[PDB]
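> Below you will find the structure I want to go over with you.
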Amino acid sequence: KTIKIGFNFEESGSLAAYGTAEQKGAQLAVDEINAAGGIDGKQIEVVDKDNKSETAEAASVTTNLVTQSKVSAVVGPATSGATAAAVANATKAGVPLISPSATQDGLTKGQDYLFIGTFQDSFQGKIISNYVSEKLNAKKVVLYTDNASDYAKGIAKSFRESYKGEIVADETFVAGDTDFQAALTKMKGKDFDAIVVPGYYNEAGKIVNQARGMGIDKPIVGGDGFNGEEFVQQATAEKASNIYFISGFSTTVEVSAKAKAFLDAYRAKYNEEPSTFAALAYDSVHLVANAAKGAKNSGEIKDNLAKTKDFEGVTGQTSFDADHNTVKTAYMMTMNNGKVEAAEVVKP
Ligand SMILES: CC[C@H](C)[C@H](N)C(=O)O
Ligand SMILES: [Cl-]
Ligand SMILES: [Cl-]
Ligand SMILES: [Mg+2]
Ligand SMILES: [Mg+2]
Ligand SMILES: [Mg+2]
């Protein structure tokens, strides 16, 4: 027999770069585990569903995975809105759901069936404030945020709380926008030392593109939403200079053997570079597979995940606390000409 595992990922739509990276990293882990004999001698059977980057679809897909497909665990969604919309449906069926990358604070509170593989937005905002203040030496900044996003708003809230310099402009945009001219024009005529942009790649990359196009050269700093090659494609490699952003995976600073092995394996399998989201998803599959060893049913997989205190993976350790959260190493990436040239370990 087999062990059924569902994927619920943003494989198409506005968040596709994130979910597709996770699909690739998760599938690589499954393939390897299967080649090595499966779990308890059972092959992993994947039911891979695309949530289209939509919250209602993420919810519907979860119901179908847990009640029709009758999967034992779900990996994904990648993003916070979708994860928040999926959790109650997994919970009703008593199936654990692990999001490799949903950073919304408090998402796991009281959620016996939700696990989060990454850090939180409060942590991101604090790191951004510390970095722009102490490393970019910024006494004045522009804050430009996706107002249609709880993710972006959470990072912005934390940033404002921590930052002691002057926010000279606190402007907005919304997901789906493709024109940022008015706001950028308004910013240009003001002295500032950096622009902090909480948001996702479709908007952030276009913002970088347009800012640099109109002569704004100062540092543009983002949260984890800046990861991936689609951000660089939107910005264009030329304009993707003086860019800094948070990541949970680095190929150069304090690089572990597991990170090296994953980079090599992903390149061999896909002939592409992995993002931090592929790395987190690869670890999430291993966390579930390990938890499935000796598990008689889905509640036991959940219990076993909750007892995971010392897992070592591609993204360092995973050690779940009582709230199903794990501390994770974070890096501030330095990007020029669309390439990461430096990585610095950072913490609040
Ligand atoms: C892919 C994850 C994204 C960038 C974000 N951390 C979220 O929670 O929505
Ligand atoms: Cl553009
Ligand atoms: Cl400038
Ligand atoms: Mg398929
Ligand atoms: Mg000045
Ligand atoms: Mg090899």
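Each chain in the structure tokens gets a letter, A, B and so on, in the order shown; residues start at 1 in every chain, and ligands are counted from 1 in the order they appear.
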Find the nearest atom pair between each residue of chain A and ligand 2 for residues within 10 Å, count only C-alpha atoms and all ligand atoms, give distances in Å to one decimal, sort rows by chain and ascending number, and present the table as CSV.


```
residue,atom,partner,partner_atom_place_in_ligand_line,distance
A:177,CA,ligand 2,1 (Cl),9.9
A:178,CA,ligand 2,1 (Cl),6.4
A:179,CA,ligand 2,1 (Cl),7.1
A:180,CA,ligand 2,1 (Cl),8.3
A:181,CA,ligand 2,1 (Cl),9.7
A:202,CA,ligand 2,1 (Cl),9.3
A:203,CA,ligand 2,1 (Cl),8.5
A:204,CA,ligand 2,1 (Cl),9.4
A:205,CA,ligand 2,1 (Cl),7.3
A:206,CA,ligand 2,1 (Cl),4.0
A:207,CA,ligand 2,1 (Cl),6.6
A:208,CA,ligand 2,1 (Cl),7.9
A:209,CA,ligand 2,1 (Cl),5.2
A:210,CA,ligand 2,1 (Cl),5.5
A:211,CA,ligand 2,1 (Cl),9.1
A:213,CA,ligand 2,1 (Cl),9.0
A:234,CA,ligand 2,1 (Cl),6.8
A:235,CA,ligand 2,1 (Cl),7.0
A:236,CA,ligand 2,1 (Cl),8.9
```

> Using only N, CA, C and O atoms, please write the residues we just selected to a file, as a PDB file, in the first residue's frame.


```pdb
ATOM      1  N   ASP A 177      -1.753  45.955  -8.924  1.00  0.00           N
ATOM      2  CA  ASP A 177      -1.316  47.193  -9.557  1.00  0.00           C
ATOM      3  C   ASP A 177      -0.115  46.957 -10.448  1.00  0.00           C
ATOM      4  O   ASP A 177       0.758  46.153 -10.127  1.00  0.00           O
ATOM      5  N   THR A 178      -0.048  47.719 -11.535  1.00  0.00           N
ATOM      6  CA  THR A 178       1.109  47.638 -12.431  1.00  0.00           C
ATOM      7  C   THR A 178       1.743  49.036 -12.676  1.00  0.00           C
ATOM      8  O   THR A 178       2.803  49.143 -13.259  1.00  0.00           O
ATOM      9  N   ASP A 179       1.091  50.095 -12.192  1.00  0.00           N
ATOM     10  CA  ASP A 179       1.519  51.519 -12.346  1.00  0.00           C
ATOM     11  C   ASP A 179       1.783  52.098 -10.962  1.00  0.00           C
ATOM     12  O   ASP A 179       0.865  52.160 -10.141  1.00  0.00           O
ATOM     13  N   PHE A 180       3.027  52.516 -10.714  1.00  0.00           N
ATOM     14  CA  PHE A 180       3.456  53.082  -9.414  1.00  0.00           C
ATOM     15  C   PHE A 180       4.032  54.497  -9.582  1.00  0.00           C
ATOM     16  O   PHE A 180       4.694  55.024  -8.700  1.00  0.00           O
ATOM     17  N   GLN A 181       3.739  55.104 -10.716  1.00  0.00           N
ATOM     18  CA  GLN A 181       4.330  56.393 -11.072  1.00  0.00           C
ATOM     19  C   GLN A 181       4.071  57.546 -10.134  1.00  0.00           C
ATOM     20  O   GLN A 181       4.986  58.277  -9.753  1.00  0.00           O
ATOM     21  N   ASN A 202       5.216  40.313  -7.741  1.00  0.00           N
ATOM     22  CA  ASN A 202       4.627  40.965  -8.916  1.00  0.00           C
ATOM     23  C   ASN A 202       4.648  42.456  -8.794  1.00  0.00           C
ATOM     24  O   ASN A 202       4.909  43.164  -9.756  1.00  0.00           O
ATOM     25  N   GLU A 203       4.316  42.954  -7.607  1.00  0.00           N
ATOM     26  CA  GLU A 203       4.322  44.380  -7.357  1.00  0.00           C
ATOM     27  C   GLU A 203       5.736  44.892  -7.028  1.00  0.00           C
ATOM     28  O   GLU A 203       6.185  45.898  -7.588  1.00  0.00           O
ATOM     29  N   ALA A 204       6.425  44.216  -6.108  1.00  0.00           N
ATOM     30  CA  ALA A 204       7.737  44.681  -5.723  1.00  0.00           C
ATOM     31  C   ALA A 204       8.701  44.768  -6.901  1.00  0.00           C
ATOM     32  O   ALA A 204       9.467  45.724  -6.981  1.00  0.00           O
ATOM     33  N   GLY A 205       8.681  43.787  -7.786  1.00  0.00           N
ATOM     34  CA  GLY A 205       9.592  43.835  -8.924  1.00  0.00           C
ATOM     35  C   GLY A 205       9.286  45.010  -9.848  1.00  0.00           C
ATOM     36  O   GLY A 205      10.188  45.684 -10.359  1.00  0.00           O
ATOM     37  N   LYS A 206       7.998  45.252 -10.095  1.00  0.00           N
ATOM     38  CA  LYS A 206       7.579  46.408 -10.929  1.00  0.00           C
ATOM     39  C   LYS A 206       7.950  47.735 -10.247  1.00  0.00           C
ATOM     40  O   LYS A 206       8.332  48.695 -10.908  1.00  0.00           O
ATOM     41  N   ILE A 207       7.815  47.802  -8.925  1.00  0.00           N
ATOM     42  CA  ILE A 207       8.197  48.999  -8.158  1.00  0.00           C
ATOM     43  C   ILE A 207       9.700  49.270  -8.341  1.00  0.00           C
ATOM     44  O   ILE A 207      10.104  50.407  -8.592  1.00  0.00           O
ATOM     45  N   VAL A 208      10.521  48.233  -8.199  1.00  0.00           N
ATOM     46  CA  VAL A 208      11.967  48.391  -8.395  1.00  0.00           C
ATOM     47  C   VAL A 208      12.254  48.889  -9.823  1.00  0.00           C
ATOM     48  O   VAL A 208      13.031  49.810 -10.041  1.00  0.00           O
ATOM     49  N   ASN A 209      11.569  48.264 -10.766  1.00  0.00           N
ATOM     50  CA  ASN A 209      11.709  48.596 -12.170  1.00  0.00           C
ATOM     51  C   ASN A 209      11.451  50.071 -12.465  1.00  0.00           C
ATOM     52  O   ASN A 209      12.203  50.753 -13.176  1.00  0.00           O
ATOM     53  N   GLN A 210      10.320  50.531 -11.959  1.00  0.00           N
ATOM     54  CA  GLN A 210       9.895  51.919 -12.144  1.00  0.00           C
ATOM     55  C   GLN A 210      10.705  52.925 -11.324  1.00  0.00           C
ATOM     56  O   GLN A 210      10.984  54.041 -11.790  1.00  0.00           O
ATOM     57  N   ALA A 211      11.086  52.550 -10.113  1.00  0.00           N
ATOM     58  CA  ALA A 211      11.878  53.438  -9.254  1.00  0.00           C
ATOM     59  C   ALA A 211      13.230  53.702  -9.891  1.00  0.00           C
ATOM     60  O   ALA A 211      13.648  54.854 -10.066  1.00  0.00           O
ATOM     61  N   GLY A 213      14.026  53.187 -12.933  1.00  0.00           N
ATOM     62  CA  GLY A 213      13.799  53.833 -14.232  1.00  0.00           C
ATOM     63  C   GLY A 213      13.696  55.347 -14.120  1.00  0.00           C
ATOM     64  O   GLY A 213      14.101  56.079 -15.026  1.00  0.00           O
ATOM     65  N   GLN A 234      10.744  40.613 -13.136  1.00  0.00           N
ATOM     66  CA  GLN A 234       9.847  41.785 -13.056  1.00  0.00           C
ATOM     67  C   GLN A 234      10.672  43.079 -12.924  1.00  0.00           C
ATOM     68  O   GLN A 234      10.382  44.094 -13.567  1.00  0.00           O
ATOM     69  N   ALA A 235      11.717  43.039 -12.107  1.00  0.00           N
ATOM     70  CA  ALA A 235      12.565  44.217 -11.923  1.00  0.00           C
ATOM     71  C   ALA A 235      13.453  44.548 -13.129  1.00  0.00           C
ATOM     72  O   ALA A 235      13.663  45.716 -13.462  1.00  0.00           O
ATOM     73  N   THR A 236      13.861  43.458 -13.772  1.00  0.00           N
ATOM     74  CA  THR A 236      14.849  43.320 -14.845  1.00  0.00           C
ATOM     75  C   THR A 236      16.194  43.309 -14.098  1.00  0.00           C
ATOM     76  O   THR A 236      16.431  44.053 -13.137  1.00  0.00           O
TER      77      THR A 236
END
```

> As a PDB file with N, CA and C atoms, in the first residue's frame, please: every residue in region 44-223 of chain A that a backbone DSSP assignment puts in helix (DSSP H, G or I).


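Saved result, result25.pdb, follows:
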```
ATOM      1  N   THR A  55      -7.756  32.364  -2.264  1.00  0.00           N
ATOM      2  CA  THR A  55      -8.074  31.857  -0.929  1.00  0.00           C
ATOM      3  C   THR A  55      -9.234  30.875  -0.930  1.00  0.00           C
ATOM      4  N   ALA A  56     -10.321  31.185  -1.634  1.00  0.00           N
ATOM      5  CA  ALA A  56     -11.461  30.270  -1.652  1.00  0.00           C
ATOM      6  C   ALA A  56     -11.100  28.943  -2.305  1.00  0.00           C
ATOM      7  N   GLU A  57     -10.271  28.996  -3.339  1.00  0.00           N
ATOM      8  CA  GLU A  57      -9.847  27.783  -4.011  1.00  0.00           C
ATOM      9  C   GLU A  57      -8.942  26.973  -3.079  1.00  0.00           C
ATOM     10  N   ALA A  58      -8.061  27.634  -2.328  1.00  0.00           N
ATOM     11  CA  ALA A  58      -7.215  26.919  -1.371  1.00  0.00           C
ATOM     12  C   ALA A  58      -8.093  26.167  -0.357  1.00  0.00           C
ATOM     13  N   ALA A  59      -9.178  26.791   0.073  1.00  0.00           N
ATOM     14  CA  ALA A  59     -10.111  26.152   1.010  1.00  0.00           C
ATOM     15  C   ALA A  59     -10.800  24.934   0.382  1.00  0.00           C
ATOM     16  N   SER A  60     -11.296  25.115  -0.834  1.00  0.00           N
ATOM     17  CA  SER A  60     -11.998  24.046  -1.552  1.00  0.00           C
ATOM     18  C   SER A  60     -11.080  22.854  -1.816  1.00  0.00           C
ATOM     19  N   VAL A  61      -9.874  23.153  -2.286  1.00  0.00           N
ATOM     20  CA  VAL A  61      -8.868  22.121  -2.585  1.00  0.00           C
ATOM     21  C   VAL A  61      -8.591  21.321  -1.311  1.00  0.00           C
ATOM     22  N   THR A  62      -8.512  21.998  -0.168  1.00  0.00           N
ATOM     23  CA  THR A  62      -8.242  21.294   1.093  1.00  0.00           C
ATOM     24  C   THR A  62      -9.363  20.299   1.400  1.00  0.00           C
ATOM     25  N   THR A  63     -10.612  20.752   1.311  1.00  0.00           N
ATOM     26  CA  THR A  63     -11.745  19.855   1.556  1.00  0.00           C
ATOM     27  C   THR A  63     -11.665  18.625   0.654  1.00  0.00           C
ATOM     28  N   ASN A  64     -11.438  18.847  -0.624  1.00  0.00           N
ATOM     29  CA  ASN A  64     -11.381  17.722  -1.534  1.00  0.00           C
ATOM     30  C   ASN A  64     -10.208  16.788  -1.193  1.00  0.00           C
ATOM     31  N   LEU A  65      -9.026  17.347  -0.891  1.00  0.00           N
ATOM     32  CA  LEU A  65      -7.876  16.519  -0.532  1.00  0.00           C
ATOM     33  C   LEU A  65      -8.159  15.618   0.674  1.00  0.00           C
ATOM     34  N   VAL A  66      -8.778  16.181   1.706  1.00  0.00           N
ATOM     35  CA  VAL A  66      -8.955  15.432   2.943  1.00  0.00           C
ATOM     36  C   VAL A  66     -10.171  14.535   2.989  1.00  0.00           C
ATOM     37  N   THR A  67     -11.195  14.831   2.193  1.00  0.00           N
ATOM     38  CA  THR A  67     -12.425  14.033   2.212  1.00  0.00           C
ATOM     39  C   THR A  67     -12.659  13.165   0.977  1.00  0.00           C
ATOM     40  N   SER A  80       0.153  33.231   3.291  1.00  0.00           N
ATOM     41  CA  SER A  80      -0.631  33.325   4.512  1.00  0.00           C
ATOM     42  C   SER A  80      -2.134  33.361   4.323  1.00  0.00           C
ATOM     43  N   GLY A  81      -2.627  34.152   3.385  1.00  0.00           N
ATOM     44  CA  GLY A  81      -4.075  34.235   3.196  1.00  0.00           C
ATOM     45  C   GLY A  81      -4.653  32.867   2.854  1.00  0.00           C
ATOM     46  N   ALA A  82      -3.993  32.186   1.921  1.00  0.00           N
ATOM     47  CA  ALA A  82      -4.416  30.858   1.485  1.00  0.00           C
ATOM     48  C   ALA A  82      -4.325  29.847   2.641  1.00  0.00           C
ATOM     49  N   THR A  83      -3.259  29.919   3.432  1.00  0.00           N
ATOM     50  CA  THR A  83      -3.106  28.987   4.563  1.00  0.00           C
ATOM     51  C   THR A  83      -4.225  29.192   5.596  1.00  0.00           C
ATOM     52  N   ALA A  84      -4.502  30.457   5.918  1.00  0.00           N
ATOM     53  CA  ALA A  84      -5.565  30.800   6.859  1.00  0.00           C
ATOM     54  C   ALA A  84      -6.925  30.270   6.369  1.00  0.00           C
ATOM     55  N   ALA A  85      -7.134  30.286   5.058  1.00  0.00           N
ATOM     56  CA  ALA A  85      -8.383  29.803   4.462  1.00  0.00           C
ATOM     57  C   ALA A  85      -8.462  28.286   4.377  1.00  0.00           C
ATOM     58  N   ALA A  86      -7.336  27.599   4.441  1.00  0.00           N
ATOM     59  CA  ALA A  86      -7.290  26.157   4.331  1.00  0.00           C
ATOM     60  C   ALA A  86      -7.357  25.380   5.647  1.00  0.00           C
ATOM     61  N   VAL A  87      -6.894  26.013   6.724  1.00  0.00           N
ATOM     62  CA  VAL A  87      -6.698  25.300   7.972  1.00  0.00           C
ATOM     63  C   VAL A  87      -7.941  24.688   8.586  1.00  0.00           C
ATOM     64  N   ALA A  88      -9.071  25.402   8.612  1.00  0.00           N
ATOM     65  CA  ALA A  88     -10.259  24.834   9.260  1.00  0.00           C
ATOM     66  C   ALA A  88     -10.737  23.563   8.557  1.00  0.00           C
ATOM     67  N   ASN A  89     -10.603  23.532   7.230  1.00  0.00           N
ATOM     68  CA  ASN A  89     -11.033  22.368   6.467  1.00  0.00           C
ATOM     69  C   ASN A  89     -10.154  21.159   6.735  1.00  0.00           C
ATOM     70  N   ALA A  90      -8.847  21.363   6.863  1.00  0.00           N
ATOM     71  CA  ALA A  90      -7.975  20.253   7.210  1.00  0.00           C
ATOM     72  C   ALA A  90      -8.309  19.769   8.648  1.00  0.00           C
ATOM     73  N   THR A  91      -8.536  20.727   9.539  1.00  0.00           N
ATOM     74  CA  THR A  91      -8.830  20.442  10.942  1.00  0.00           C
ATOM     75  C   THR A  91     -10.097  19.594  11.108  1.00  0.00           C
ATOM     76  N   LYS A  92     -11.129  19.917  10.343  1.00  0.00           N
ATOM     77  CA  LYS A  92     -12.381  19.158  10.422  1.00  0.00           C
ATOM     78  C   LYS A  92     -12.188  17.681  10.176  1.00  0.00           C
ATOM     79  N   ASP A 121       6.166  37.506  10.527  1.00  0.00           N
ATOM     80  CA  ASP A 121       6.252  38.885  10.029  1.00  0.00           C
ATOM     81  C   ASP A 121       6.769  39.872  11.059  1.00  0.00           C
ATOM     82  N   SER A 122       6.443  39.690  12.326  1.00  0.00           N
ATOM     83  CA  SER A 122       6.958  40.602  13.351  1.00  0.00           C
ATOM     84  C   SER A 122       8.497  40.564  13.342  1.00  0.00           C
ATOM     85  N   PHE A 123       9.027  39.349  13.317  1.00  0.00           N
ATOM     86  CA  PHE A 123      10.473  39.060  13.247  1.00  0.00           C
ATOM     87  C   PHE A 123      11.051  39.749  11.996  1.00  0.00           C
ATOM     88  N   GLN A 124      10.386  39.617  10.837  1.00  0.00           N
ATOM     89  CA  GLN A 124      10.875  40.261   9.625  1.00  0.00           C
ATOM     90  C   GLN A 124      10.952  41.790   9.757  1.00  0.00           C
ATOM     91  N   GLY A 125       9.891  42.388  10.286  1.00  0.00           N
ATOM     92  CA  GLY A 125       9.878  43.857  10.417  1.00  0.00           C
ATOM     93  C   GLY A 125      10.972  44.386  11.328  1.00  0.00           C
ATOM     94  N   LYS A 126      11.247  43.650  12.398  1.00  0.00           N
ATOM     95  CA  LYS A 126      12.306  44.024  13.352  1.00  0.00           C
ATOM     96  C   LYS A 126      13.674  43.943  12.689  1.00  0.00           C
ATOM     97  N   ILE A 127      13.899  42.852  11.955  1.00  0.00           N
ATOM     98  CA  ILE A 127      15.166  42.684  11.241  1.00  0.00           C
ATOM     99  C   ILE A 127      15.346  43.808  10.214  1.00  0.00           C
ATOM    100  N   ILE A 128      14.294  44.103   9.447  1.00  0.00           N
ATOM    101  CA  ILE A 128      14.397  45.164   8.453  1.00  0.00           C
ATOM    102  C   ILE A 128      14.743  46.496   9.142  1.00  0.00           C
ATOM    103  N   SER A 129      14.039  46.828  10.210  1.00  0.00           N
ATOM    104  CA  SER A 129      14.348  48.066  10.957  1.00  0.00           C
ATOM    105  C   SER A 129      15.809  48.095  11.431  1.00  0.00           C
ATOM    106  N   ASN A 130      16.262  47.010  12.056  1.00  0.00           N
ATOM    107  CA  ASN A 130      17.648  46.974  12.536  1.00  0.00           C
ATOM    108  C   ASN A 130      18.655  47.121  11.396  1.00  0.00           C
ATOM    109  N   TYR A 131      18.394  46.429  10.295  1.00  0.00           N
ATOM    110  CA  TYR A 131      19.330  46.416   9.167  1.00  0.00           C
ATOM    111  C   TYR A 131      19.408  47.787   8.494  1.00  0.00           C
ATOM    112  N   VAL A 132      18.263  48.386   8.180  1.00  0.00           N
ATOM    113  CA  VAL A 132      18.328  49.689   7.524  1.00  0.00           C
ATOM    114  C   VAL A 132      18.971  50.709   8.485  1.00  0.00           C
ATOM    115  N   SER A 133      18.680  50.609   9.782  1.00  0.00           N
ATOM    116  CA  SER A 133      19.260  51.558  10.748  1.00  0.00           C
ATOM    117  C   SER A 133      20.740  51.432  11.005  1.00  0.00           C
ATOM    118  N   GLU A 134      21.171  50.194  11.239  1.00  0.00           N
ATOM    119  CA  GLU A 134      22.559  49.910  11.626  1.00  0.00           C
ATOM    120  C   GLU A 134      23.527  49.470  10.539  1.00  0.00           C
ATOM    121  N   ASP A 150      -2.522  41.362   4.392  1.00  0.00           N
ATOM    122  CA  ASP A 150      -2.233  41.208   5.869  1.00  0.00           C
ATOM    123  C   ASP A 150      -0.720  40.909   6.092  1.00  0.00           C
ATOM    124  N   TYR A 151      -0.115  40.216   5.127  1.00  0.00           N
ATOM    125  CA  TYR A 151       1.311  39.911   5.154  1.00  0.00           C
ATOM    126  C   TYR A 151       2.111  41.217   5.169  1.00  0.00           C
ATOM    127  N   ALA A 152       1.845  42.034   4.160  1.00  0.00           N
ATOM    128  CA  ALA A 152       2.574  43.285   4.010  1.00  0.00           C
ATOM    129  C   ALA A 152       2.312  44.216   5.192  1.00  0.00           C
ATOM    130  N   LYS A 153       1.047  44.289   5.582  1.00  0.00           N
ATOM    131  CA  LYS A 153       0.670  45.137   6.712  1.00  0.00           C
ATOM    132  C   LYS A 153       1.310  44.698   8.031  1.00  0.00           C
ATOM    133  N   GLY A 154       1.502  43.394   8.200  1.00  0.00           N
ATOM    134  CA  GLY A 154       2.153  42.874   9.410  1.00  0.00           C
ATOM    135  C   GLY A 154       3.627  43.270   9.473  1.00  0.00           C
ATOM    136  N   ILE A 155       4.323  43.143   8.350  1.00  0.00           N
ATOM    137  CA  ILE A 155       5.723  43.561   8.290  1.00  0.00           C
ATOM    138  C   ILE A 155       5.804  45.085   8.548  1.00  0.00           C
ATOM    139  N   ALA A 156       4.933  45.845   7.889  1.00  0.00           N
ATOM    140  CA  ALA A 156       4.936  47.306   8.052  1.00  0.00           C
ATOM    141  C   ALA A 156       4.680  47.711   9.516  1.00  0.00           C
ATOM    142  N   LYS A 157       3.707  47.057  10.153  1.00  0.00           N
ATOM    143  CA  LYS A 157       3.382  47.362  11.564  1.00  0.00           C
ATOM    144  C   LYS A 157       4.613  47.174  12.454  1.00  0.00           C
ATOM    145  N   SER A 158       5.279  46.038  12.281  1.00  0.00           N
ATOM    146  CA  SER A 158       6.466  45.753  13.070  1.00  0.00           C
ATOM    147  C   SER A 158       7.608  46.738  12.777  1.00  0.00           C
ATOM    148  N   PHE A 159       7.794  47.045  11.498  1.00  0.00           N
ATOM    149  CA  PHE A 159       8.805  48.006  11.116  1.00  0.00           C
ATOM    150  C   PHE A 159       8.565  49.360  11.807  1.00  0.00           C
ATOM    151  N   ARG A 160       7.332  49.855  11.726  1.00  0.00           N
ATOM    152  CA  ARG A 160       7.007  51.163  12.344  1.00  0.00           C
ATOM    153  C   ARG A 160       7.255  51.164  13.851  1.00  0.00           C
ATOM    154  N   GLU A 161       6.949  50.042  14.489  1.00  0.00           N
ATOM    155  CA  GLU A 161       7.150  49.913  15.946  1.00  0.00           C
ATOM    156  C   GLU A 161       8.617  50.012  16.349  1.00  0.00           C
ATOM    157  N   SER A 162       9.460  49.367  15.552  1.00  0.00           N
ATOM    158  CA  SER A 162      10.898  49.303  15.813  1.00  0.00           C
ATOM    159  C   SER A 162      11.757  50.473  15.365  1.00  0.00           C
ATOM    160  N   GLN A 181       3.739  55.104 -10.716  1.00  0.00           N
ATOM    161  CA  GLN A 181       4.330  56.393 -11.072  1.00  0.00           C
ATOM    162  C   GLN A 181       4.071  57.546 -10.134  1.00  0.00           C
ATOM    163  N   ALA A 182       2.824  57.727  -9.747  1.00  0.00           N
ATOM    164  CA  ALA A 182       2.483  58.868  -8.882  1.00  0.00           C
ATOM    165  C   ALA A 182       3.200  58.828  -7.556  1.00  0.00           C
ATOM    166  N   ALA A 183       3.161  57.678  -6.903  1.00  0.00           N
ATOM    167  CA  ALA A 183       3.819  57.549  -5.609  1.00  0.00           C
ATOM    168  C   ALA A 183       5.319  57.731  -5.725  1.00  0.00           C
ATOM    169  N   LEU A 184       5.913  57.076  -6.719  1.00  0.00           N
ATOM    170  CA  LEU A 184       7.352  57.161  -6.901  1.00  0.00           C
ATOM    171  C   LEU A 184       7.791  58.606  -7.194  1.00  0.00           C
ATOM    172  N   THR A 185       7.017  59.297  -8.023  1.00  0.00           N
ATOM    173  CA  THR A 185       7.323  60.706  -8.349  1.00  0.00           C
ATOM    174  C   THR A 185       7.321  61.540  -7.069  1.00  0.00           C
ATOM    175  N   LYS A 186       6.326  61.283  -6.225  1.00  0.00           N
ATOM    176  CA  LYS A 186       6.186  61.961  -4.925  1.00  0.00           C
ATOM    177  C   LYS A 186       7.384  61.699  -3.982  1.00  0.00           C
ATOM    178  N   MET A 187       7.900  60.464  -4.003  1.00  0.00           N
ATOM    179  CA  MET A 187       9.072  60.066  -3.195  1.00  0.00           C
ATOM    180  C   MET A 187      10.404  60.646  -3.638  1.00  0.00           C
ATOM    181  N   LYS A 188      10.607  60.705  -4.944  1.00  0.00           N
ATOM    182  CA  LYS A 188      11.869  61.127  -5.562  1.00  0.00           C
ATOM    183  C   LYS A 188      12.471  62.461  -5.140  1.00  0.00           C
ATOM    184  N   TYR A 201       6.198  39.577  -5.124  1.00  0.00           N
ATOM    185  CA  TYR A 201       7.082  39.830  -6.241  1.00  0.00           C
ATOM    186  C   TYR A 201       6.478  40.559  -7.418  1.00  0.00           C
ATOM    187  N   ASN A 202       5.216  40.313  -7.741  1.00  0.00           N
ATOM    188  CA  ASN A 202       4.627  40.965  -8.916  1.00  0.00           C
ATOM    189  C   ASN A 202       4.648  42.456  -8.794  1.00  0.00           C
ATOM    190  N   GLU A 203       4.316  42.954  -7.607  1.00  0.00           N
ATOM    191  CA  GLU A 203       4.322  44.380  -7.357  1.00  0.00           C
ATOM    192  C   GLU A 203       5.736  44.892  -7.028  1.00  0.00           C
ATOM    193  N   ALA A 204       6.425  44.216  -6.108  1.00  0.00           N
ATOM    194  CA  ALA A 204       7.737  44.681  -5.723  1.00  0.00           C
ATOM    195  C   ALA A 204       8.701  44.768  -6.901  1.00  0.00           C
ATOM    196  N   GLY A 205       8.681  43.787  -7.786  1.00  0.00           N
ATOM    197  CA  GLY A 205       9.592  43.835  -8.924  1.00  0.00           C
ATOM    198  C   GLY A 205       9.286  45.010  -9.848  1.00  0.00           C
ATOM    199  N   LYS A 206       7.998  45.252 -10.095  1.00  0.00           N
ATOM    200  CA  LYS A 206       7.579  46.408 -10.929  1.00  0.00           C
ATOM    201  C   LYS A 206       7.950  47.735 -10.247  1.00  0.00           C
ATOM    202  N   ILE A 207       7.815  47.802  -8.925  1.00  0.00           N
ATOM    203  CA  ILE A 207       8.197  48.999  -8.158  1.00  0.00           C
ATOM    204  C   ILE A 207       9.700  49.270  -8.341  1.00  0.00           C
ATOM    205  N   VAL A 208      10.521  48.233  -8.199  1.00  0.00           N
ATOM    206  CA  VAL A 208      11.967  48.391  -8.395  1.00  0.00           C
ATOM    207  C   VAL A 208      12.254  48.889  -9.823  1.00  0.00           C
ATOM    208  N   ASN A 209      11.569  48.264 -10.766  1.00  0.00           N
ATOM    209  CA  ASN A 209      11.709  48.596 -12.170  1.00  0.00           C
ATOM    210  C   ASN A 209      11.451  50.071 -12.465  1.00  0.00           C
ATOM    211  N   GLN A 210      10.320  50.531 -11.959  1.00  0.00           N
ATOM    212  CA  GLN A 210       9.895  51.919 -12.144  1.00  0.00           C
ATOM    213  C   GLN A 210      10.705  52.925 -11.324  1.00  0.00           C
ATOM    214  N   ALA A 211      11.086  52.550 -10.113  1.00  0.00           N
ATOM    215  CA  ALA A 211      11.878  53.438  -9.254  1.00  0.00           C
ATOM    216  C   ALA A 211      13.230  53.702  -9.891  1.00  0.00           C
ATOM    217  N   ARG A 212      13.913  52.627 -10.237  1.00  0.00           N
ATOM    218  CA  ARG A 212      15.232  52.743 -10.861  1.00  0.00           C
ATOM    219  C   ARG A 212      15.106  53.469 -12.203  1.00  0.00           C
ATOM    220  N   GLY A 213      14.026  53.187 -12.933  1.00  0.00           N
ATOM    221  CA  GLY A 213      13.799  53.833 -14.232  1.00  0.00           C
ATOM    222  C   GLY A 213      13.696  55.347 -14.120  1.00  0.00           C
TER     223      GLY A 213
END
```

> Show me a table, sorted first by chain and then by increasing residue number, of the residues of region 261-311 of chain A having an atom at most 9 Å from region 219-227 of chain A, each with its shortest atom pair and the distance in Å to one decimal, counting only C-alpha atoms and written as CSV.


```
residue,atom,partner,partner_atom,distance
A:275,CA,A:227,CA,6.5
A:276,CA,A:227,CA,7.0
A:277,CA,A:227,CA,8.0
```

> Compute the set of protein, DNA and RNA residues whose minimum atom distance to ligand 3 is at most 9 Å, using only C-alpha atoms and all ligand atoms, and state it as a list in words.

residues 188, 191, 192, 193, 194, 212, 215, 216, 217, 218 and 219 of chain A

> For residue 319 (chain A), find every residue with an atom within 8 Å (counting only C-alpha atoms), except residues of its own chain fewer than 6 positions away, and show them as a ChimeraX atom specification.

/A:308-311,325-327

> Could you write those residues out with C-alpha atoms, as a CSV table (one decimal), in the first residue's frame?


```
chain,number,residue,atom,x,y,z
A,308,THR,CA,9.8,17.1,16.4
A,309,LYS,CA,12.4,19.1,18.4
A,310,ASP,CA,15.6,18.3,16.6
A,311,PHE,CA,15.2,17.9,12.9
A,325,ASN,CA,6.3,27.2,15.4
A,326,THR,CA,10.0,26.9,14.9
A,327,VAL,CA,12.7,29.5,15.2
```
